[PDB]
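Enquirer: Quick one: the structure is below, questions incoming.
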Amino acid sequence: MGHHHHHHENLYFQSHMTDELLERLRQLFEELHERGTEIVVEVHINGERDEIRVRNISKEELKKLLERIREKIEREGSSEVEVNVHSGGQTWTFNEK
C-alpha cells in the first residue's frame, strides 16, 4: 500500500521590505529555537489580538511567525501595536515607541 512521508518545499525568499524589525523578532525566535519550547507569538493591535502557539518547530516554520506579523501591521498600520513573545512562561513585549 505504502505511504509518502512528509514533503519539504523551499520558501526561496522572506518579506525583505517590512522585514527590519521582523528580523529582530526572528533573532529572538531562532534564539529560543535552542530549546524549541512553547513559543507563543501574540500580536495585540488596537483591539484585535493574534495568538500563535508553536511547540517544537523548524527555522522555516518560525519565519512564518513574523511573516504573519507583517500582515497585521499592513492591514492596521497603527501605533497601537504590541508583539509579545512567550517561551516557558518568559514574556517580552515589543511596542512601537
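Heads up: the sequence shown runs through residues 1 to 97, numbered per the deposited numbering.
The beta carbon of each residue, even a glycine, is placed where N, CA and C say it ideally should be.
1. Between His44 and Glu82, which are expected to be in contact by the criterion C-beta below 8 Å, what is the C-beta distance as a whole number of angstroms?
2. Using 8 Å as the threshold, is the stretch 64-72 in touch with the stretch 90-97, meaning 3 or more CB pairs across them?
3. Which residue comes first and which comes last in the alpha helix (DSSP H) that contains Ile69?
4. Could you check the C-alpha separation between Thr18 and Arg24 for me, to the nearest Å?
5. Using a Cβ-Cβ cut-off of 6 Å (strictly less than) and excluding sequence neighbours within five positions of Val54, which residues of its own chain qualify?
6. Taking Cβ to Cβ, would you say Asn95 is nearer than 9 Å to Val41?
7. With DSSP collapsed to three states, give me the class of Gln14.
8. Is the Cβ-Cβ distance between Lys63 and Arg35 less than 9 Å?
9. Between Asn46 and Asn10, what straight-line distance do the alpha-carbon atoms span, to the nearest angstrom?
Expert: On the basis of the coordinates in this document:
1. By one-based count along the sequence shown, residue 44 stands at place 44. By one-based count along the sequence shown, residue 82 stands at place 82. That pair is a contact at about 4 Å.
2. no
3. To locate residue 69, count along the sequence shown from 1; it is residue 69. Here the alpha helix (DSSP H) through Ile69 covers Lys59 to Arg75.
4. Residue 18 sits at position 18 when you count from the first residue of the sequence shown. Residue 24 sits at position 24 when you count from the first residue of the sequence shown. Going from the Cα of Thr18 to the Cα of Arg24 covers about 12 Å.
5. In the sequence shown, residue 54 corresponds to position 54, counting from 1. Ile39, listed in sequence order.
6. The count along the sequence shown starts at 1 and reaches residue 95 at position 95. The count along the sequence shown starts at 1 and reaches residue 41 at position 41. No; because the gap between Cβ atoms is not below 9 Å, this pair is not in contact.
7. Locating residue 14 in the sequence shown gives position 14, counting from the first residue. Three-state result, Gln14: coil.
8. For this step, residue 63 is matched to residue 63 along the sequence shown. For this step, residue 35 is matched to residue 35 along the sequence shown. Not in contact: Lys63 and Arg35 (Cβ atoms no closer than 9 Å).
9. Counting from 1 along the sequence shown, the entry for residue 46 is found at position 46. Counting from 1 along the sequence shown, the entry for residue 10 is found at position 10. Distance between the alpha carbons of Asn46 and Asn10 is about 34 Å.
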